[PDB]
Structure formats: structure tokens, C-alpha cells
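Asker: Chains as they are written, first to last, in the authors' numbering: chain B, 4 to 37, 47 to 187, 200 to 222, 225 to 227, 229 to 347, 354 to 516, 521 to 537; chain A, 5 to 38, 48 to 187, 200 to 347, 351 to 516, 522 to 537. Think of the CB as a built atom: it goes at the ideal place given N, C-alpha and C, for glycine as much as any other residue. Got a structure here, written out as C-alpha cells. Questions coming.
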Amino acid sequence: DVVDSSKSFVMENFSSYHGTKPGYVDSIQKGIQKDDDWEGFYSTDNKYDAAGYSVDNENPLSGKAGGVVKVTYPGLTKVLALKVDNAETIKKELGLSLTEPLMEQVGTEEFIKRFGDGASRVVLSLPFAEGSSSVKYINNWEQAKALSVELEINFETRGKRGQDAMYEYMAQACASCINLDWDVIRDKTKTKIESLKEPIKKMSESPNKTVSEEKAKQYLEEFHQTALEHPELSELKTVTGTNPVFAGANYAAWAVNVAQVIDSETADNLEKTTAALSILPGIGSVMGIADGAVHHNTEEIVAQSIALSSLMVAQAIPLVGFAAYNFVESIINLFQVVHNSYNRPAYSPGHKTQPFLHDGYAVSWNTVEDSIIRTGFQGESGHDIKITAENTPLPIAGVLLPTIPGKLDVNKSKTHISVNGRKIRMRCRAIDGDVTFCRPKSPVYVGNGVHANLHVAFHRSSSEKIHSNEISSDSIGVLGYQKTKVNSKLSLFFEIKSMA
Amino acid sequence: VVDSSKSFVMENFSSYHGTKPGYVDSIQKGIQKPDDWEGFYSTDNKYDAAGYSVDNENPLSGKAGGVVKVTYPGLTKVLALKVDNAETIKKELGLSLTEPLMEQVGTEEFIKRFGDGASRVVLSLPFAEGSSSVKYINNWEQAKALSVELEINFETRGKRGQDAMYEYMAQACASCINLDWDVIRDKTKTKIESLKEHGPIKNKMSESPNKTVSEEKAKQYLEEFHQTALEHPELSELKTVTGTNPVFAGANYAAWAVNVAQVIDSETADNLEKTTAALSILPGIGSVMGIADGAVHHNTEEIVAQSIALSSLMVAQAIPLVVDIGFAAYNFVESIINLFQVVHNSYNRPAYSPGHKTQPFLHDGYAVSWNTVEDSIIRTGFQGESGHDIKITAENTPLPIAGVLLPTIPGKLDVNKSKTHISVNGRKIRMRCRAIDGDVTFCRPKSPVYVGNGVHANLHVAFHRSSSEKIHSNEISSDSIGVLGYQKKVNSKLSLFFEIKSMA
């Protein structure tokens, strides 16, 4: 079966959102007008995802954003949700002429009778994207003539620089949320860059000619140290002083790498500058993004880091106008891209099937259901964790498992770990009443070409549902190699759910 | 709920059972018992049975017993199950949900309804994730009927350590690492004695503090010791084969040797089980083993004994600096030899490589994988479309994805440019796809893609087939989809390996 009934419905005045490119925002309000199987007018239930289609098609990296409009059908509309996007399959399980195109057939009187449940027309619904809870709607172009069109937002009307209007709109979705005023950041960035070209005048001690990569980097680390003494970078100096990602040597690497890929054709064209900078490593140094967090999350500190790296790029071009102009506009856009990724709902490492990457290991739950410990029944469950490592053989010392005195137990007979198919039994001992430690009975190593499947088996004695009160941890702790001695900790996060 | 494809009736059905030391002869006089799954266990694979043969009180370093072959007279039904939850099994097999599943399997009622005319039923389950073997679960009463022959007694081989067991398991592969550990043990002793008599060796042993020093000074000193020791004629191959791969550098031998000395106390040093347990949780053993980048590089007896001999000497030098040094040549060698055999056995076993099936590809801080096994298969022999999902993230700071290299076959297989896209934490990003040649298409995201801790992408590749003609090997150059990371001028290459399969 191909139609998801749980997601299909009829509704009066069905509304959705369409991301509109610049120059079409006014025109589209006068009516919706024009694979072939999927030729239709596209919309979404989520106005923020709509805004992602609004950017200039000739300059998708750096161009202006048009707007979003809300389209509405009068009367009754059937939303038919599909469990697949393979049309050949669809037409098969829906008995249609496998010759005629799907979105053509979708708009016919015959289709709307069979599937419309008495609505005036059908709209197809599909998952918008992997990792998204939004949907996309596919409208037959002729039926789409029935839509009235309202402006939800015109980004150019805001009259803001770059893509700030679009990204500021999207930050609305999250009310943690990076909601920065980029106007302020552009202004503070300008003033700090000029307030610093005025000790910083180590421009004398600079070769001012081509030199060697190691030489340029060396001099740029010194320049970075001197720059950070300036009081207009004082907070930056404080917040970048420990984390090795934010060290002057990484600012220097970044700046050097910018200098080598930016030629004159590139620097005069913002789209081309952004494409060039977008494929470099190291931007996390400038952005203050490390270990899953956006540390530079204030307008002032972002302006400092941008201001500092603008200066270093300036210094770095002679050794290997653009710095304060197109370099800043481009970097700002990439900041906005990454901040938006971190604002969107997303499973963190070790949750669901997202891998946990640490100390050279990669661990993950094998399937989503593996990461759920079901409750409310007596009996058994099994849960599979995949484990490998990037290069040389790294040991697995054991695993820490949650236990509930009397209501949840490790099944020490079915709990085991298998290394490239070799089944290894475990010896499990309670640490206390809430934690059991299981170690392999022979040595477990993983590495390139050597993986393991840890199979965790649980036994429930009570039909009683588990209460959060009862469980201390929310993760299974896999122990890596020993390195004050401690094991590398690899965390698989689970969720307690009722059977269903 | 029953896997008919894996179920069958067979005459003289046999299987293998690994047997602990002390039970190799007595088990042959009959299968006797010493709750849903209480039964006698066996496998179709005699080398996995060998895996169950090690002394239960010294599982890391203890002796291995043997394997016996058990056979049922007459007709046996192998009933293969698709799940291992007993409750699920009794329900869906409309049978008693009070009596233990395995006690029921030996009753006449069950044997009539599921035996297909055989005298007894044996349950069949997958042996383990990553294995093509099965385990058999035999009812204890019915197992009384089993005839038991000896397949191997590892003790009767009279070899040191667990050499006999691992040499047996190496047969399964006829690449295959099949080392003569007797030779290696002998060459190792010889080199250690021959290196202990060398002029510049002993000369560098005098420059030693021979006193507890700091860690860093122990490493500096052990690094010098390593360099000096490598000039000796008996380590000459090691000097050549360790000269360039930084994993095999003197500084990693020295960090290993220091880690050994720091965790080996006096009680540990005198017990092999406890030394193996301690040594088995250290990082860096790939340095001594010559294992890196998915390959066992030290794969000759001579080079393996050179690395172990050198490592033994360095541990001897590290013990005073950071509690008798006789550990270095007794239990340290015996223990490390066991760890070698464990890892060699892992590499000898069939296994999908990184980027094959759903095995992650880890490179340059990135992790990429096919989302599902079917994603990794480009099906052929039909006109139409397919979709393939690739997961992408990175370990810490934001790393870019510049594009993907996709295969094409002029006139038969093409990239569906409208369905191919990438999504970043749910943000959908269209791609611009251009052909490089008639065999390779490059697609770039239309907005910047970064991944890192907490930011993952889903690359969705869509193919369209214009012919129903099956794709021929002579048509596809590559066997991988090439995901390009950051630019260093060359891109970080992340490979996802696919297989071409007709339809099912």
C-alpha cells in the first residue's frame, strides 16, 4: 500500500507556503501560473523551509532572497500523503495509465473522485526532507489556478544587507536559538577593523613580499597575539584562550588558506568568493563553533572574531580591499548558514542513528528502535550498537548498562559482543543497584576494517512502567581505551517508551 | 516467523560444539545436561565452535579444550527462526505460552506439527551480527540421541599459549594471515638475547637514568633507545618497513613502552591473565603490530618477531624510568602474542570494508555511510528510477561538503538531476549537476554544506535508467560514489562503495 492514511485528510481553506525568487514576489500574488511525472506547483506546510527556495537562482550562495507567499484553496481540498516518491510504483498501486504523467492524472475529474473524498481537488503530500518534520505539497498546475495568494514576507522590503532578512526570518522558528542582529555585527565589525589599523602598525615587521607557508604562518601567529592585546578584542582574547580550536595558530592557518585561493577574478565577485571560501577547512576557528556548540553567540564577540580574521587575511595576502569588503560579506553569509544548521531540530551524536565520534571511535545505535527501551511489559528486549574506529586497533573495555532494582535487568546470557562475526561472551557485574558493567571475555579491538556489534539484552520482571525517577542515566556507556586513568567514553543515548 | 528458506530436513544432521579443557573426552560419551532457551548449543561452523573452547576461569589467556562433532541418527528438521524473542515465537506459533519454548520443542506434539516427518527439531538462529554462521539450539532430551566424534583437541597439539586454537581458526581462509607462532616465539627469544649483547645497545642502557624520571624524559630517552636499537642487524627489516608510516615511528614504540610500565604493577606482572587484561585496554598497539589503514603490514614471522623483540627491550628500559624487568621477556611477550593473534583473527574474518554496505567510512574528521544496505545497491535490468541515501557528519568543527562524483553509463544510466539533493539537519539543498565526461557526473550543492558535531547531512542520489538492459561490468569504471570534502589542490575524498544487482 502506498497512501499513508494517518497523514491524509480533507480540510477547508487549506493553506501552504511558497518560497518566491526576487522579482516574482509582487507578480505571484496575481495568481499561480507555470521529471514530468512530478511537474506541479510546489509548496510546504513550513514557511521557514519555504524561505529557503527564495534566493536568486543565478547567485544561490550570495544572492538576494525574494520572499514567501501563503497560497490557499477555497472550499475542500484533499491532502493525499504518499509513502513513496516512485511514480511508476504509485501509478501501479493506484491503477492509472502508466503512460500518462502522475501530476496530470492528479488534476483530473476521475482522480479527484476516487481519492478526493468529495473535496474539489487533490494535493499530494510527501516528506519534505530527511531530518525534517515538514512536508512538501505538489499541486496540479491547473487546479493551482484556484489558489489565492497572500504575501507572508518580502525579504527585499526589509532593505537589509546580504541575506540577513532571510536568515533573521528563519531564526524566528526557534523563538537554544542563535538570533543575532547582523546589522549591529556588520557595524561593530567595520568600526573595530578601522579602530585597529590605527603596536598593530606589526605591519612594519611584515615581509610585504611572497614568502614560505611556514614563514607566513609563523609571522601570522605573532600578529594574532599582538592583535588580541588591543582592548577592542578583549572579550575575544578571553573566550578564545583555552579551546585549541580557537588558537591563533588556527586563525593563522585559516588566513593563509584564504590568501592562497583568492585570486583577483575571485575577490571582485562575491558569489565566486563565497564558493571559494565555502570549501575550506578551519572555519570553526573563526566562528567559535566546536564540540557541538556555537560558542561565539553574541554580536560583540562575533564582530571581534570577524574583525580579527579580516585583519589577518589582509596581512596574509602579501606573503601568499578584498579583506574588509568581499571577504567580510562572504564570511558573514557562511556564519549565517552554520548558525541556521545549529538552530534547526536535529538529533545529537549518539541519539537515534546519529553516530557518536570520539577518540577515533565511531559508535551508533543500529536502528532507531534499538535506541528505545520499551516498558510496561514483562519479558525481554535486545538492542544493537555498532562500533568501529578510524585507523589502528582500539580496544573496547566494556559497557555500562542501566539497571532498575527488580524492574529492569541485564540478561547476562544474551548480552554479547561480536567482532567481525566472532561472538564474544561477556562477564557482567553490578557496580551498584543502578549500573551493571559488562566486559568481554576475550579482547575486543576495532579499527579500519574491524567492527563490532554490541548486543545488549534486557529483562523486565515487572509489568510496571519505568518511571524517570528510577533511571539515573539516559545513556549506555561504552568504554574505550584507558588514558589520572580513565577510559574513553562512548555514549549511546536511549529513550524510555511504552509498548505501541 | 519461520524462515522457510533456511529450514530443511536432513539425514545424519551434524554440527559442532566447542568444548572446554577437561571435557574433550567425557563429552564424547554423550550429550548430558550439567529458561526459555535452556538447551545444548552448537553451530554449523567448526571455527566458531573453537571460539567457545577456552578455559572459563582464564578466558583471556587460558588453554583451549577442543571441538567435537555431534550427529543425529535418522532424520532431523532444522527449524530456522526470524526472531529470537521467545514470547514472540510461542504466540505466532499458536503454542503454549506457559511452558519453556525449548522444553516444548522436544515434545511429540511440536515435532509432529513442525518436524515434517523427522524424529526431532533443532532451532536455527543467526550466529551473530556480521557472521554467516548459524547457532543450533537442541532440546536436552533429544540431544541424548547425539553421536559425538572428536574434531580436534587443542591441548593434544601441545603448543604454547593459545597457538593451537588460533592456527586452527586461520584454516578458514586457506589474503589470510597464517603465521607459525612457534617460529615467531623462537625468533623473538633469539633476537632479544642477541640484541642484549650488542655494543651500542648496552652502551645506551648505561645512559639510562635507571631511576624514576618524568614521563616526557622517559619518552625522549626511550626514543633514543629505539633509534639505536633499530641499527642492529637483527632488526634490519623492521627499520625498513617502519621507516615511513608515522604509526610505526619510534615515538609510538616509546609511548607504548611507557604505557606498559605505568600500568603493570608487581602482582599483575606475575599472572598472565592479569597482564593480558591490563595490556588489552591500552591504546597504540597497532604501532607494535604494524596494523594501520585497514591492513596487517607486519605479516611475516620474521618481521613480527623483530617488532615484538624490540618492544620487549623497550618495556625493559621503561620499567625503571616509570617492577622487575623480567616481565619484559616473560609475561609481556606471552601476553602481546595473544593480542596479536586476536587482531590477526579479526582481519582474517570475512567483513565489509569501510564504506561498503552500512559500514562507515571515516576520513579527515568525516563519517559517511549508506543509510541502509539496499541504498548501497544500484539495481538493474529495468527502466525507471531509484533513490539512494548517504549519511554524512563530522567529528567536531564545521567541515564542508563540496560535491559528489556520481557514475553514469551513456545511454543506460543517468543522474536524475531533479530528485538528487542534499539535506542538512532537515534543510533541503538543491544541487547543480554537470557531466565531467560520459562516465562521471559532478553535483555541487547550490548553497554551502557544512557538517560537524550536531550537524548531519543526508545526500540523496537519484538514478534514472533509460534501458531495461542489465548493466555490464564493461560499463561502470568505478564501484564507488565519491563525496568530496574540504579542499587542501585536492579534495578530501569520502568513498561509498556500491554493488550492481539485478532485481528480486
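1) Distance, Cα to Cα, residue 156 of chain A vs residue 125 of chain A?
2) Could you give the first and the last residue of the continuous alpha helix (DSSP H) run that contains residue 327 of chain B?
3) Alpha carbon to alpha carbon, what distance is there between residue 402 of chain A and residue 529 of chain A?
4) Against chain A, which members of the stretch 447-463 of chain B pass a CB distance test of less than 7 Å?
5) Tell me whether residue 464 of chain B is buried or exposed, calling it buried when 16 or more other Cβ atoms sit within 10 Å of its Cβ.
6) Would you list the residues sitting across from residue 273 of chain B in a DSSP beta bridge?
7) Classify residue 121 of chain B: buried if its beta carbon has 16 or more other beta carbons within 10 angstroms, exposed otherwise.
8) Specify whether the stretch 166-177 of chain B and the stretch 108-122 of chain B touch according to this definition: at least 3 beta carbon pairs, one from each stretch, less than 8 Å apart.
9) For a quick check, are the C-beta atoms of residue 217 of chain B and residue 257 of chain B less than 8 Å apart?
10) When the cut-off is 8 Å and only beta carbons count, does residue 133 of chain A lie next to chain B?
11) Closest to residue 3 of chain B by C-alpha separation, out of B:504, B:185, B:331, B:288, would be which residue?
12) Would residue 382 of chain A count as contacting chain C if we go by Cβ distances under 8 Å?
13) Mapping DSSP to helix, strand and coil, what is residue 449 of chain A?
14) If we count the other Cβ atoms within 10 Å of its Cβ and call it buried at 16 or more, is residue 436 of chain A buried or exposed?
15) Would residue 158 of chain B and residue 86 of chain B qualify as a contact pair, given that the criterion is a beta-carbon distance under 8 Å?
16) So is residue 536 of chain A buried or exposed if we call it buried at 16+ other beta carbons inside 10 Å?
17) Assign residue 322 of chain A to one of three DSSP states: helix, strand, or coil.
18) With a Cβ-Cβ cutoff of 8 Å, do residue 499 of chain B and residue 440 of chain B count as a contact?
19) Looking only at its chain, what residues have a beta carbon closer than 7 Å to the beta carbon of residue 71 of chain B, apart from the 5 residues adjacent to it on each side?
20) Quick one: using the 10 Å Cβ neighbour count with 16 as the cut-off for buried, is residue 30 of chain B buried or exposed?
21) According to a CB-to-CB cut-off of less than 9 Å, which residues of the stretch 61-78 of chain A neighbour chain B?
22) With a threshold of 8 Å between beta-carbons, can residue 403 of chain A be considered close to chain B, or not?
23) Of the choices B:385, B:344, B:395, whose alpha-carbon is the least far from that of residue 416 of chain B?
24) Residues in its own chain within less than 6 Å of residue 469 of chain A by CB, not counting five upstream and five downstream?
25) Quick check on DSSP: helix, strand or coil for residue 485 of chain A?
26) For a contact defined as C-beta to C-beta under 7 Å, what are the partners of residue 501 of chain B on chain A?
27) Residues bridged to residue 166 of chain B by DSSP?
28) Report the residue from B:98, B:146, B:381 whose alpha carbon sits nearest the alpha carbon of residue 319 of chain B.
29) Under a Cβ-count criterion, where at least 16 other Cβ atoms within 10 Å of its own Cβ denotes burial, should residue 110 of chain B be classed as buried or exposed?
30) By the three-class DSSP mapping on this structure, what secondary structure does residue 210 of chain B have?
31) Which same chain residues, not among the five before or five after residue 103 of chain B, have their C-beta less than 7 Å away from its C-beta?
32) Going by alpha carbons, who is nearest to residue 153 of chain A out of A:49, A:127, A:242?
33) Can you tell me whether residue 108 of chain B is helix, strand or coil according to DSSP?
34) Per DSSP, what kind of secondary structure is residue 290 of chain A in: helix, strand or coil?
35) Any idea what DSSP makes of residue 417 of chain A, helix, strand or coil?
36) Hey, would you say residue 80 of chain A sits closer than 8 Å to residue 23 of chain A, going by beta carbons?
Answerer: Walking through what the data contain:
1) Locating residue 156 of chain A in the second sequence gives position 143, counting from the first residue. Locating residue 125 of chain A in the second sequence gives position 112, counting from the first residue. Distance between the alpha carbons of residue 156 of chain A and residue 125 of chain A: 17 Å.
2) Residue 327 of chain B sits at position 300 when you count from the first residue of the first sequence. Counted as a single uninterrupted DSSP element, the alpha helix (DSSP H) harbouring residue 327 of chain B occupies residues 326-346.
3) Translated into the one-based positions of the second sequence, residue 529 of chain A becomes position 496. Translated into the one-based positions of the second sequence, residue 402 of chain A becomes position 374. Answer to the nearest angstrom: the Cα atoms are 13 Å apart.
4) 451, 452, 453, 454, 455, 456
5) Position 431 of the first sequence, counting from 1, holds the residue named residue 464 of chain B. The residue in question, residue 464 of chain B, is exposed, as its Cβ has fewer than 16 Cβ neighbours within 10 Å.
6) Position 246 of the first sequence holds residue 273 of chain B. The partner list for residue 273 of chain B (beta bridge, DSSP) is empty, contrary to what the question assumes.
7) By 1-based counting over the first sequence, the position of residue 121 of chain B is 109. When all chains shown are included, residue 121 of chain B counts as exposed.
8) A contact between stretches requires three or more CB pairs, one per stretch, nearer than 8 Å, and the stretch 166-177 of chain B fails this requirement with the stretch 108-122 of chain B.
9) Taking the first residue of the first sequence as 1, we reach residue 217 of chain B at position 193. Taking the first residue of the first sequence as 1, we reach residue 257 of chain B at position 230. Not a contact, by the Cβ cut-off of 8 Å.
10) Along the second sequence, read from residue 1 onward, the residue named residue 133 of chain A stands at position 120. False, the Cβ-Cβ gap to chain B never drops below 8 Å.
11) The structure shown has nothing for residue 3 of chain B, since chain B only spans 4 to 537.
12) Although the question refers to chain C, the structure presented lacks it and instead comprises the protein chains B and A.
13) Taking the first residue of the second sequence as 1, we reach residue 449 of chain A at position 421. Correct three-state label for residue 449 of chain A: strand.
14) Here residue 436 of chain A refers to the residue found at position 408 when the second sequence is read from its first residue. Burial check for residue 436 of chain A: the Cβ neighbour count within 10 Å reaches 16 or more, so the residue is buried.
15) For the purposes of this step, residue 158 of chain B is taken as residue 146 along the first sequence, with counting starting at 1. For the purposes of this step, residue 86 of chain B is taken as residue 74 along the first sequence, with counting starting at 1. Their beta carbons are under 8 Å apart, which means residue 158 of chain B touches residue 86 of chain B by this criterion.
16) Residue mapping note: residue 536 of chain A aligns to position 503 of the second sequence, counting from 1. Residue 536 of chain A should be labelled exposed.
17) For the purposes of this step, residue 322 of chain A is taken as the residue at position 297 of the second sequence. Correct three-state label for residue 322 of chain A: coil.
18) Taking the first residue of the first sequence as position 1, residue 499 of chain B is located at position 466. Taking the first residue of the first sequence as position 1, residue 440 of chain B is located at position 407. Yes, the pair counts as a contact, with Cβ atoms nearer than the cut-off.
19) Numbered from its first residue, the first sequence carries residue 71 of chain B at position 59. Taken in chain order, the residues that qualify are 298.
20) The sequence position of residue 30 of chain B within the first sequence is 27, counting from 1. So residue 30 of chain B counts as exposed.
21) Flagged, chain order: 61, 64, 65, 67, 69, 72, 73.
22) Your numbering for residue 403 of chain A matches position 375 in the second sequence. Chain B, which has no Cβ nearer than 8 Å to the Cβ of residue 403 of chain A, makes this no.
23) Numbered from 1 along the first sequence, position 383 holds the residue referred to as residue 416 of chain B. Comparing Cα-Cα distances from residue 416 of chain B to each of B:385, B:344, B:395, the minimum goes to B:385.
24) By 1-based counting over the second sequence, the position of residue 469 of chain A is 441. Counting only Cβ-Cβ distances below 6 Å, and skipping sequence neighbours, we find 434, 436, 443, 461, 463.
25) Position 457 of the second sequence, counting from 1, holds the residue named residue 485 of chain A. In the three-state reduction of the DSSP assignment, residue 485 of chain A falls in the strand class, which pools E and B.
26) If you number the first sequence from 1, residue 501 of chain B lands on position 468. What residue 501 of chain B touches in chain A: nothing, since even the nearest Cβ is about 24 Å away.
27) Position 154 of the first sequence, counted from the start, is the residue given in the question as residue 166 of chain B. DSSP, once it has assigned bridges, lists B:79 as partnering residue 166 of chain B.
28) Working through the first sequence from its first residue, we reach residue 319 of chain B at position 292. Per the Cα distances, B:381.
29) Taking the first residue of the first sequence as position 1, residue 110 of chain B is located at position 98. So residue 110 of chain B counts as exposed.
30) Mapped onto the first sequence, residue 210 of chain B falls at position 186. In the displayed model, residue 210 of chain B falls within a helix according to three-state DSSP.
31) Position 91 of the first sequence, counted from the start, is the residue given in the question as residue 103 of chain B. Counting only Cβ-Cβ distances below 7 Å, and skipping sequence neighbours, we find 110, 114.
32) Walking along the second sequence from the start, residue 153 of chain A turns up at place 140. Considering only alpha carbons, the answer is A:49.
33) Along the first sequence, one-based indexing puts residue 108 of chain B at 96. Residue 108 of chain B: coil per DSSP, three-state reduction.
34) Here residue 290 of chain A refers to the residue found at position 265 when the second sequence is read from its first residue. Residue 290 of chain A falls in the coil class under three-state DSSP.
35) The residue you call residue 417 of chain A lines up with position 389 of the second sequence. Look at residue 417 of chain A here: in three-state DSSP terms it is strand.
36) Start at 1 with the first residue of the second sequence, and residue 80 of chain A comes out as number 67. Start at 1 with the first residue of the second sequence, and residue 23 of chain A comes out as number 19. Going by beta carbons, residue 80 of chain A and residue 23 of chain A fall inside the 8 Å limit.
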